[PDB]
Amino acid sequence: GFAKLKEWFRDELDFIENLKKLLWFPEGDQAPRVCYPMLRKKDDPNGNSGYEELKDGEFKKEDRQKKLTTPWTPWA
Amino acid sequence: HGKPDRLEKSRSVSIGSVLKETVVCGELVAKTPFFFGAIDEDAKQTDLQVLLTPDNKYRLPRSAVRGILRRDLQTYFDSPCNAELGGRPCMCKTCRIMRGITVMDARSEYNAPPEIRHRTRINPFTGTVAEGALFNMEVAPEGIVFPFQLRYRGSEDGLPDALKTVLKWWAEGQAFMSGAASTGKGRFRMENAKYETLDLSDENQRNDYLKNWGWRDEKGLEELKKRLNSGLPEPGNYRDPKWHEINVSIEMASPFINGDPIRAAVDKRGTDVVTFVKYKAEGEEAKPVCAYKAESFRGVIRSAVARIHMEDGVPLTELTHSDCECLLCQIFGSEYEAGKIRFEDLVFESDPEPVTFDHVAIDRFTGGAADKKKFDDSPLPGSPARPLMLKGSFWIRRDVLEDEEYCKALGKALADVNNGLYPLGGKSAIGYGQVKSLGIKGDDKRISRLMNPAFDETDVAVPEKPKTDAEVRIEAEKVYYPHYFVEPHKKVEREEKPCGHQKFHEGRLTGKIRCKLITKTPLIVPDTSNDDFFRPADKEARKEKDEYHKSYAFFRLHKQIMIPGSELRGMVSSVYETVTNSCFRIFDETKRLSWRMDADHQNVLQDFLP
Amino acid sequence: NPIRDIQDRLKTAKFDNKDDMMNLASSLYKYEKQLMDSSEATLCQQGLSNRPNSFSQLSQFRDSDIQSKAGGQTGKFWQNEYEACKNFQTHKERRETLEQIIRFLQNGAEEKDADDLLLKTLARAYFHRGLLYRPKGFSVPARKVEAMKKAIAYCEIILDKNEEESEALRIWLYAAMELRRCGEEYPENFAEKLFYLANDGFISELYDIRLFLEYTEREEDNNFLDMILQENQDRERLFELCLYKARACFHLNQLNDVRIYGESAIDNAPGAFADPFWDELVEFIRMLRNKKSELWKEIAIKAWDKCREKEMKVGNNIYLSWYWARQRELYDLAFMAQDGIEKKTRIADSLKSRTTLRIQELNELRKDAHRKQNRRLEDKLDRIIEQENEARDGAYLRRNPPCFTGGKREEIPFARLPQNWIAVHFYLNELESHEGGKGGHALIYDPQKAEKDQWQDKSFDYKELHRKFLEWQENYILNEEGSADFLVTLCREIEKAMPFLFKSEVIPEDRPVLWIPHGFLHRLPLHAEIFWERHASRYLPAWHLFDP
RNA sequence: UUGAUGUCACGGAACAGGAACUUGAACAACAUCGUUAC
């Protein structure tokens, strides 16, 4: 089966690397905190720069489709 | 039409001075939905009608009974007649008996409308239905009684031998009267027979017979029905009937459905697709019962036969079967010669109520619902604890069981059905009718000696799993995101001619895989049939419409924890079509998007002229 | 494969000529007809390449046709379909294609907008389907008759608007000439349409010579009699043309030229008895006889002499036959015209015990031979089956007769009888007993008398003997004590009808007599005045079964 | 609306061939609404 995947796509199997990065399971003693942002910054006791401080910053309108394709990128 | 001869002869035959008129009275009951063709004009919606009385009563005509008696008498003696509709009377053995028989008609007083069945035709290349091949047929219910009177006026001491044998066959339950007998139409049974022999040779009995015009009218028949002796006369030379009955039993583990769209459009429940029910008459009112049709079972067995046998290279499913002598065209008949196997309906040995299952279609990009569509179905519930049996029977004839190749073909087909292939029913892609255990009894081990399970013995454990290599750098105090789309390649390898389900090909594989699932994090699979599962007691039930706090439960089938097949199919399909770089197998191509526009941008609001 | 053609026709569609639009409609019709039945080209699951351009073109084609529904699309497509159906191989595919054409275009001919091409090809399909009906009941099936009637009805639908068509009129006349030989009656308007056709001339086929000959014999005209004599030779069916030329030269009193054409026509007759040639031969003989001519004797005797060699040898002792339903008539005509007594008893012996069967039992025998894995009965029965079923379309399109010879059955000579025995052969004529003729004949052979008078022929009536035998037979199976005097009146009828058996110069007093009966004389109750006490009597079913 | 010295039409099974089948995880995060000021 793997040989067939070498006949169509010759050496550009760079959608299998991301798929293996997205199906990864934390093996042990690793607590990756994931969650969704808040709207503003004044309505979460941690102060994590919610959705309206990211639109003018790291997650700008031109860099948004680049930080949403890399498998594990830190939001904040 | 006609052609009588007008230059034949003139004869003079003396027939003695003995005359005896024997009366046989009783009734005959239907054991299967019968059919009597009366296809009239001015109604083209349904293309196979039944014969009804001007006040909508099911009638059994005289000509049909007479033709069936002639056919059975030509079966008893092993010689068919060769009359040609003209000239002097035939002097063989069958017509010499048929010249002295009188029958009557019947009405049955039931007067309920007949039920309409539908039939399609499946393309044996793509698995779906053929184009425009769909036709209906209206049938009469089960359990309808007809009165029965038969007079024989002859010169012998009572009835002959052939008539006694034929009436014994009809009392056994083998009176195949009419209809589409290949799909198991009318099979009647003669009950409460009574017989009486008069004596017209003397002078006083002849005058008492002539005094009342015989006993033909209703008062004469009510007077005669007090001089009849119970029980039929015993035959002298019992030959044998030529239709064997063999019983089938099927059950393994899964839900079951048999589609019916019009009943789904009328029914009070409102689900998208429901199962098939049939009515039976209880004298005046009708009662429903869920069953498996006879056309469907016939088609499944015919397809299981036709996909194995070679027939010199081209398999039997690629032929046309118009004017050919094939193996499938001999057992299952054609439009030039009648069939040899008659199937029947199959009932479920209990009263299983249907349940309701909901499904949804998940978008690939922005994984959510589809355009807000939930579709449901109402199958019959079956589980590994309650296997949902199916009992039935079908008939074959004598000269098929005596042969050696026909039993070979039938054994091969039933062994392929027994092993798990050819699932019965509807949506078999998500496990309906999944497994089987097909047991056939009543044929003296002529067919059920090829349905024995045989297996190999390798004892090799499945090769281990490989160790992964893709790793990620996860730190603390850095909060992540949960989405992460996967950008695909730009080349999709399409093909326009797929394999085809016509036969089992050469270099392909067929079988089954057994798996083992294990959860590593809490799992939720909801049971959406009711919303107030975790609602406390001793309060109000619910008003007509409010917006309360919904509370589901886990999925159960018979108080047993299960996971449906649709869920697993969906997740494995998503990973499989991501690996091979296939298309977005389910997508919402319509519905243009829309964005708010900002106030800061004064370069876009400088050309929105009033 | 059927979806790339739609796009190849859609690429260069000019929407103005009546050839590219016709090709586009043909491709669409062929794709739909491929979908209606389930062939192997249903697995093609592709589509069309350039979506918006192809959508515009297809919508413009389905929109710029509705004002021109003149029947120019479907009529031409089904015309070419039938034209391809005519020139096929073995009859199976021809039958299936004919019934598919009939099923597909039967609906579009029930409106006022009914094309002449559509109705013409539907009537031709009905007429050509009416010829391919295998009989199974010693009689003609009724579906053939009603196919002919439907063809007549549609050709009358066409010819109700016009008067002459020269194409539908010929189909009408073909259907009438086919209804005539199926035991039916002519339609009521046969003379008028035959006169409409005769006033145009120009025969160009083989059927039209028969239509013109029928016309000239109907109205006694000698116009086309010389025109049908200058036709070319070396065609595909020589025998039918020689028969037509003999029938033509008869009407202009050209004797010593009818016999030569008849003899050249007999020698090349087809091997199948279902060919539409033997019936015209017997009709020609019947017409030659009742015109008080003397030419029919030679033709009848030669036709019998060349008809006897059409049997089939499957083993070492038995034979097979075909049953073409006029063999009795031809044999009686050959018996009535032969004068030599030894030749007459050679004629009468060919009608004896044979195996004249029909299709259903030959099918049974073929399945029996395929049951016992035989191989000398799947190439000898196969020839009979596939030969007498291919000669149904014999004059419509057919080619040379695809058959072979039949061999020669060896004849036992009459000189094998001992000097003390006396031979008697019986024959029951039916053609001359249908008129007031004196029924059947007896043929007496004394092999030790003079040679110049070694055979005697006697004639007798046989109607009353048949009635007596039938009365006794009907009283025998319904009684067993009231059938005692019927035997004695039957024996008195035997002594009365043929009184020459009790003579002295014929059947001498004490010589053993060998009886060979024919017809219903096989079942005479001749068990024990009668010759069952003086002469040594013994039966024999036929004279070719005489071993010692 | 029959004609007489001659009606086996109770002399004839509306019969025979066609799988209501195929496709679908009861699933889910970013805003909504328009004008104010010179």
Inset, instruction - Report, by residue number, each residue of the range A:24-76 that is hydroxyl-bearing (S, T, Y) and in a loop (DSSP other than H, G, I, E, B). - result: A:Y36, A:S49, A:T69, A:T70, A:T73
Legend entry - Options A:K67, A:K60; residue that is more than 9 Å from chain B (Cβ to nearest Cβ) and of a type in the set (K, R): A:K60
Legend entry - Residues satisfying the stated conditions in the range C:127-156, i.e. surrounded by 15 or more Cβ atoms within 10 Å (Cβ to Cβ) and among the hydrophobic types (A, V, I, L, M, F, W, C): C:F127, C:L131, C:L132, C:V140, C:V145, C:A147, C:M148, C:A151, C:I152, C:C155
Legend entry - Residue list for the range C:160-186, filter: assigned to a loop (DSSP other than H, G, I, E, B) and under 22 Å from B:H1 (Cα atoms): C:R181, C:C182, C:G183, C:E184, C:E185, C:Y186
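Of all residues in the range A:24-45, which are at the interface with chain B (Cβ under 9 Å from one of its Cβ atoms) and either surrounded by 10 or more Cβ atoms within 10 Å (Cβ to Cβ) or of a type in the set (V, I, T) (or both)? Lay out the reasoning, then the answer.
Initially, the range A:24-45 is screened for residues at the interface with chain B (Cβ under 9 Å from one of its Cβ atoms), giving A:24-26, A:30-37.
Those that are at the interface with chain B (Cβ under 9 Å from one of its Cβ atoms) and either surrounded by 10 or more Cβ atoms within 10 Å (Cβ to Cβ) or of a type in the set (V, I, T) (or both): A:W24, A:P26, A:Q30, A:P32, A:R33, A:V34, A:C35, A:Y36, A:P37.
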Inset, instruction - Look through B:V65, B:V29, B:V24 and report the one residue that is within 13 Å of RNA strand D (Cβ to nearest atom) and either over 30 Å from B:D199 (Cβ atoms) or not in a loop (DSSP other than H, G, I, E, B) (or both). - result: B:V65
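So that you can scan it fast, the table gives a plain yes or no per residue for (1) more than 9 Å from RNA strand D (Cβ to nearest atom); (2) closer than 22 Å to B:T102 by Cβ; (3) not β-branched (V, I, T):
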{"position": "B:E131", "(1), (2), (3)": "yes, no, yes"}
{"position": "B:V139", "(1), (2), (3)": "yes, no, no"}
{"position": "B:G143", "(1), (2), (3)": "yes, no, yes"}
{"position": "B:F146", "(1), (2), (3)": "yes, yes, yes"}
{"position": "B:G158", "(1), (2), (3)": "yes, yes, yes"}
{"position": "B:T165", "(1), (2), (3)": "yes, yes, no"}
{"position": "B:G173", "(1), (2), (3)": "yes, no, yes"}
{"position": "B:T197", "(1), (2), (3)": "yes, yes, no"}
Inset, instruction - Name the residue, out of B:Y432, B:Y484, that is within 16 Å of RNA strand D (Cβ to nearest atom), touching a strand residue (DSSP E or B) at 6+ places or on another chain (Cβ under 7 Å), closer than 30 Å to B:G368 by Cβ and part of a loop (DSSP other than H, G, I, E, B). - result: B:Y432
Legend entry - Of all residues in the range B:469-490 being of a type in the set (K, R) and more than 7 Å from chain A (Cβ to nearest Cβ), the one that is surrounded by the fewest Cβ atoms within 10 Å (Cβ to Cβ): B:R473
Inset, instruction - Go through the residues of the range B:232-243 one by one and say whether even a single one is farther than 24 Å from B:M190 by Cβ, in contact with a helix residue (DSSP H, G or I) (Cβ under 9 Å, 6 or more places away or on another chain), within 16 Å of RNA strand D (Cβ to nearest atom) and not in a loop (DSSP other than H, G, I, E, B). - result: no
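Tell me which helices (runs of 4 or more DSSP H) are completely within the range C:187-279 and hold 2 or more residues being under 25 Å from the mean Cα position of the chain (by Cα) and among the acidic types (D, E), or say none if there are none. Walk me through it before giving the result.
Working: elements: C:190-198, C:207-219, C:238-251, C:258-266.
Hits in the range C:187-279: C:207-219.
Taking the stated definitions as given, is B:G127 within 6 Å of RNA strand D (Cβ to nearest atom), under 25 Å from the mean Cα position of the chain (by Cα) and either among the acidic types (D, E) or within 14 Å of chain C (Cβ to nearest Cβ) (or both)? First the steps, then the outcome.
Values: within 6 Å of RNA strand D (Cβ to nearest atom): yes; under 25 Å from the mean Cα position of the chain (by Cα): yes; either among the acidic types (D, E) or within 14 Å of chain C (Cβ to nearest Cβ) (or both): yes.
Yes; evaluated as a whole, the condition is true for this residue.
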Inset, instruction - Given the conditions (1) of a type in the set (S, T, Y); (2) within 11 Å of RNA strand D (Cβ to nearest atom); (3) away from chain A (no Cβ under 14 Å), report the number of the one that B:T590 does not fulfil. - result: (2)
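One line per residue, one yes/no per condition, for (1) within 14 Å of chain C (Cβ to nearest Cβ); (2) of a type in the set (V, I, T):
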{"residue": "B:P4", "(1), (2)": "no, no"}
{"residue": "B:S10", "(1), (2)": "yes, no"}
{"residue": "B:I15", "(1), (2)": "yes, yes"}
{"residue": "B:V24", "(1), (2)": "no, yes"}
Legend entry - Breaking point among (1) farther than 14 Å from C:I285 by Cα; (2) of a type in the set (S, T, N, Q); (3) surrounded by 17 or more Cβ atoms within 10 Å (Cβ to Cβ), for C:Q327: (1)
Legend entry - Test set (1) in a loop (DSSP other than H, G, I, E, B); (2) under 27 Å from B:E138 (Cα atoms); (3) within 12 Å of RNA strand D (Cβ to nearest atom) - B:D42 fails condition number: (3)
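Criterion first (within 14 Å of chain C (Cβ to nearest Cβ) and within 14 Å of RNA strand D (Cβ to nearest atom)) does B:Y406 satisfy it?
Details: within 14 Å of chain C (Cβ to nearest Cβ): yes; within 14 Å of RNA strand D (Cβ to nearest atom): no.
No: the conditions fail for B:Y406.
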Inset, instruction - Only residues that are within 11 Å of RNA strand D (Cβ to nearest atom), within 14 Å of chain C (Cβ to nearest Cβ) and not polar (S, T, N, Q): list them for the range B:93-116, please. - result: B:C95, B:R96, B:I97, B:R99, B:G100
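I'd like the residue in the range B:491-513 that is farther than 30 Å from A:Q65 by Cα and more than 31 Å from the chain's Cα centre (by Cα) and, out of all such residues, is farthest from the other protein chains (Cβ to nearest Cβ).
In the first step, residues of the range B:491-513 are kept if they are farther than 30 Å from A:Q65 by Cα; the result is B:495-513.
Next cut, more than 31 Å from the chain's Cα centre (by Cα) only: B:495-497, B:506-508.
Values: B:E495: 9, B:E496: 4, B:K497: 5, B:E506: 17, B:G507: 15, B:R508: 15 Å.
Ranking the candidates gives B:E506 first.
Here is a yes/no grid of residues against (1) over 24 Å from B:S383 (Cβ atoms); (2) more than 13 Å from RNA strand D (Cβ to nearest atom):
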| residue | (1), (2) |
| --- | --- |
| B:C515 | no, yes |
| B:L523 | no, no |
| B:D527 | no, no |
| B:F533 | no, yes |
| B:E540 | yes, yes |
| B:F555 | no, no |
Inset, instruction - Can you confirm whether the range B:75-89 contains a residue that is more than 40 Å from the chain's Cα centre (by Cα), within 14 Å of RNA strand D (Cβ to nearest atom), more than 12 Å from chain C (Cβ to nearest Cβ) and of a type outside the set (S, T, Y)? - result: no
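Would you check if there is a residue in the range C:23-44 being farther than 28 Å from B:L319 by Cα and within 14 Å of chain B (Cβ to nearest Cβ)?
Looking through the range C:23-44, none of the residues is farther than 28 Å from B:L319 by Cα and within 14 Å of chain B (Cβ to nearest Cβ).
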Inset, instruction - Starting from the range B:360-384, take each residue that is within 14 Å of chain A (Cβ to nearest Cβ) and of a type in the set (F, W, Y) and list its partners that are part of a loop (DSSP other than H, G, I, E, B) and more than 9 Å from RNA strand D (Cβ to nearest atom), counting only C-beta distances under 8 angstrom and pairs at least six apart or across chains. - result: B:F365/B:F485; B:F365/B:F584; B:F365/B:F587
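Select from the range B:377-403 the residues that are under 22 Å from B:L568 (Cα atoms) and exposed (fewer than 15 other Cβ atoms within 10 Å of the Cβ) and write down the one among them that is nearest to RNA strand D (Cβ to nearest atom). Before you say what the answer is, go through the steps one by one.
Keep residues of the range B:377-403 that are under 22 Å from B:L568 (Cα atoms), which gives B:377-385.
So of that shortlist, the ones also exposed (fewer than 15 other Cβ atoms within 10 Å of the Cβ) come out as B:384-385.
Numbers: B:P384: 20, B:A385: 22 Å.
Filtering first and then ranking leaves B:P384.
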Inset, instruction - Evaluate the following for B:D469: is it in contact with a strand residue (DSSP E or B) (Cβ under 7 Å, 6 or more places away or on another chain), among the acidic types (D, E) and away from RNA strand D (no atom under 16 Å from the Cβ)? - result: no
Legend entry - Inter-residue pairs, beta-carbon under 6 Å, first under 16 Å from B:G186 (Cα atoms) and in the range B:51-64, second of a type in the set (S, T, Y) and within 10 Å of RNA strand D (Cβ to nearest atom), 6+ apart: B:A64/B:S178
Inset, instruction - Would you check if B:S155 is of a type in the set (S, T, Y) and either crowded, with 19+ Cβ neighbours inside 10 Å or within 28 Å of B:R107 (Cβ to Cβ) (or both)? - result: no
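Bear in mind that the values in this text are calculations on the coordinates, not laboratory data. All Cβ positions, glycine included, derive from the backbone under ideal geometry; neighbour counts span all protein chains shown.
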